[PDB]
Amino acid sequence: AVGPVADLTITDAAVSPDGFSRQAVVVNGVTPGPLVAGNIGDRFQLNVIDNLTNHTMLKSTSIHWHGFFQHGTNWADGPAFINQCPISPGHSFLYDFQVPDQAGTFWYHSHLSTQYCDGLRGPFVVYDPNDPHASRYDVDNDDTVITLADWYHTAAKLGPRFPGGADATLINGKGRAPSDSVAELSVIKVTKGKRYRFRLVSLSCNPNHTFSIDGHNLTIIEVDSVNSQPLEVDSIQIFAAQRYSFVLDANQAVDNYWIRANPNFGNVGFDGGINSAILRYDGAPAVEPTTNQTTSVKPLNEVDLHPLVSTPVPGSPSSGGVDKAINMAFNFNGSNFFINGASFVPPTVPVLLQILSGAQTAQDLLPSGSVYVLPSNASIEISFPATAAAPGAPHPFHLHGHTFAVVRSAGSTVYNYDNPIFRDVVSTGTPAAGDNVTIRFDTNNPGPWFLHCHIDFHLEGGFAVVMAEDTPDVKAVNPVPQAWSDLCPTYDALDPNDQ
Ligand SMILES: *[C@@H]1O[C@H](CO)[C@@H](O[C@@H]2O[C@H](CO)[C@@H](O[C@@H]3O[C@H](CO[C@H]4O[C@H](CO[C@H]5O[C@H](CO)[C@@H](O)[C@H](O)[C@@H]5O)[C@@H](O)[C@H](O[C@H]5O[C@H](CO)[C@@H](O)[C@H](O)[C@@H]5O)[C@@H]4O)[C@@H](O)[C@H](O[C@H]4O[C@H](CO)[C@@H](O)[C@H](O)[C@@H]4O)[C@@H]3O)[C@H](O)[C@H]2NC(C)=O)[C@H](O)[C@H]1NC(C)=O
Ligand SMILES: *[C@@H]1O[C@H](CO)[C@@H](O[C@@H]2O[C@H](CO)[C@@H](O[C@@H]3O[C@H](CO)[C@@H](O)[C@H](O)[C@@H]3O)[C@H](O)[C@H]2NC(C)=O)[C@H](O)[C@H]1NC(C)=O
Ligand SMILES: *[C@@H]1O[C@H](CO)[C@@H](O[C@@H]2O[C@H](CO)[C@@H](O)[C@H](O)[C@H]2NC(C)=O)[C@H](O)[C@H]1NC(C)=O
Ligand SMILES: *[C@@H]1O[C@H](CO)[C@@H](O)[C@H](O)[C@H]1NC(C)=O
Ligand SMILES: [Cu+2]
Ligand SMILES: [Cu+2]
Ligand SMILES: [Cu+2]
């Protein structure tokens, strides 16, 4: 792991995670990027060095630290043209923030256009020396992070606008495509008799994955950085950008067991060892598993997840029993997505910079129709009714700057105002099911926060809005460093081909 104080150098480089060589955006020479780690309470000073030279994958960059509240450091949140102008090539930019009140599994990724699909993404763990789940496991380290990524042979700006699946699912940076049946698989080592806290992070740009491990059950103890009660499952459907910690007890026979991550579309299944990695017990031969997948009899259901500690749902136990309720009506016209009639187009002046320059109302803030001003210290309910008008479901939505209660989950008609899980990325389900996924949060974090589909190609097509929270306190609460103030003039000074 690198961090909490570290350089992250961004370059273009040839990679071959599935035996197919292609130029990609890499972090400290690798994609997925290295694990960044620290402890609860730490100040992170992540110096992002932009040494990119390839305009097609973008020479500029901006990095989001996914899941962190960024209270008082909204300028460091990442979304290009919401919280900063991008970092320019040949420049560095210091993200400097604290994590006083969170611990769990996170990740970092480019939040500029579709650049994270081209490889700028990696895991991020904040450890708790007093973790309430510590007694459930023996090992929790760099080697118990499991990343899932969709991998494309054609670059994000060069392929279809909305790809119909990846060429390969990568598990810990490796996996197979049909073009190379013998590409090196990832191996995750376990010692028989030891218990492992596996931190499963979806770095996916698009597909979700149904994760399971042959012959082993899993005990979920964390959901998007929120400690949960232990939930035993035998498979996990994980959506783009979500995280789970699960405990695996390595108490089976010394052997090789298939790790499976089946995408919802693309090359589905396991022919030739695609969508697979290897769980290898110390002492097992260095060969492929020959284990068989068994039917999931205890799949994860989100409604079965509950916080480990008592966590009150904002507002009052009835539909709309909050200070402010907002419904998000989805539309799509073939190239662009819309929320409540507006397709998001990034403004010239980042939303935070607009607020710093005086714009405090929806009327003054750009882009018009995409910014929702929220009152301070208020309960907010947002519903995302699934509709056929918005193809590419299930759409996992992410709210920046907050965790939220999932009062109603996908595939459920129940509203849980008592003990629902809190998380930061939620599937908005499908119209076939009549889904109306509904979340609640409190506004105790002044700043503009992006709320968007985390299928990166959909974000790109405008599937996003901004929650402009407590605009009158934003400037005072979020003092910006000189380096941040320098970003926009430097970016705006660039030749378009240097962007
Ligand atoms: C900036 O970034 C962008 C986006 O990433 C990047 O864009 C690439 O742009 C190029 C040119 O337009 C695109 O090129 C196409 O690339 C196709 C895929 O090539 C791969 O496969 C090649 C063939 O593979 C086989 O053979 C080898 C050995 O013989 C074997 O190992 C394999 O198993 C397999 O059997 C392979 O040669 C190639 O490897 C080269 O390129 C990579 C990438 O850098 C490099 O790492 C290697 O060192 C090596 O140089 C690669 O693995 C290719 O099929 C295609 O060629 C056909 O189409 C053209 C159409 O014009 C025909 O005219 C031509 O005759 C071929 O039939 C073409 O070359 C590429 O797809 C884009 N990349 C992506 C990811 O979208 C820019 O290049 C970047 N800028 C800079 C300066 O790097
Ligand atoms: C993972 O969790 C699953 C679900 O809880 C466990 O499955 C249960 O496993 C036992 C086998 O150990 C099954 O019961 C046995 O069935 C056989 C054959 O029918 C019978 O001969 C035995 O007397 C015994 O009753 C049980 O049916 C099964 N439950 C299911 C599938 O719903 C599984 O064992 C757990 N795996 C591990 C590695 O702990
Ligand atoms: C999804 O849930 C939302 C929030 O409850 C529903 O929106 C409300 O609908 C009623 C009509 O029954 C209106 O009076 C309210 O103003 C709506 N709330 C808003 C706009 O915040 C919505 O209809 C549900 N959608 C589906 C498809 O069930
Ligand atoms: C969809 O709407 C966008 C934004 O309003 C517009 O630019 C585009 O031409 C439309 N696309 C199609 C395929 O009709
Ligand atoms: Cu994210
Ligand atoms: Cu989407
Ligand atoms: Cu985001």
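Computation of the quantities below employed the complete heavy-atom set of this structure, encompassing side-chain atoms and omitting hydrogens, waters and symmetry-equivalent molecules. Start at 1 and go down the list; that is how both ligands and their atoms are numbered. In this chain, numbering begins with 1 at the start of the sequence shown.
By the definition of a contact as any protein heavy atom under 4.0 Å away, atom 75 (C) of ligand 1 is in contact. Counting protein heavy atoms under 4.0 angstrom from atom 17 (C) of ligand 1 gives zero. Atom 82 (C) of ligand 1 is not flagged as protein-proximal [any protein heavy atom, distance under 4.0 Å]. For atom 12 (O) of ligand 1, the nearest protein heavy atom lies 4.0 Å or farther away. Less than 4.0 angstrom separates atom 61 (O) of ligand 1 from none of the non-hydrogen atoms of the protein.
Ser186 places a side-chain N or O within donor-acceptor distance of the main-chain N or O of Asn172, the cut-off being under 3.5 Å. A distance-only check finds no donor-acceptor pair linking the side chain of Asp255 to the backbone of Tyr281 [under 3.5 Å].
In plain terms, the two heavy atoms of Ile238 and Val201 that are nearest each other are CD1-C, 4.4 Å.
Contacts between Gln23 and ligand 1, counted as non-hydrogen atom pairs separated by less than 4.0 Å, involve both the backbone and the side chain. For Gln252, every heavy-atom contact with ligand 2 shorter than 4.0 Å involves the side chain, none the backbone.
Applying the salt bridge (charged side-chain N to carboxylate O under 4.0 Å, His left out) test to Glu222 and every residue at least two apart in sequence or in another chain returns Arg197, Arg199.
Aromatic ring pairs are classed by plane angle as parallel below 30°, tilted from 30° to 60° and perpendicular above 60°; the pair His452 and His400 is tilted. In this structure, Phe124 and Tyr108 have perpendicular ring planes: the angle between them is above 60°, well past the 30° mark. Classified by interplanar angle (parallel below 30°, tilted 30° to 60°, perpendicular above 60°), the ring pair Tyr152/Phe457 is perpendicular. Ring planes of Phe344 and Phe450: perpendicular class, angle over 60° (limits at 30 and 60°).
By the 3.5 Å distance cut-off applied to N or O atoms, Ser21 is counted among the residues near ligand 1. At least one N or O atom of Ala155 sits closer than 3.5 Å to an N or O atom of ligand 1.
Summary of contacts: the protein heavy atom closest to atom 35 (C) of ligand 2 is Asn217 ND2, 2.4 Å. Of all protein heavy atoms, the one lying nearest to atom 4 (C) of ligand 2 is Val297 CG2, 3.7 Å. In this structure, atom 5 (O) of ligand 2 lies nearest to the protein heavy atom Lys298 CD, 4.1 Å.
Between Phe198 and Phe211, the ring centre distance reaches or exceeds 6.0 Å.
Only protein N, O or S atoms were scored, and 3 of them lie under 2.8 Å from the Cu ion (ligand 6).
Shown in contact with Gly215 at under 4.0 Å from a heavy atom are these atoms of ligand 2, numbered in order with element: 38 (C).
Considering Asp12, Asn54, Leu52, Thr154 only, the shortest heavy-atom separation from atom 80 (N) of ligand 1 involves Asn54.
Heavy-atom distances between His153 and ligand 1 reach below 4.0 Å in at least one pair.
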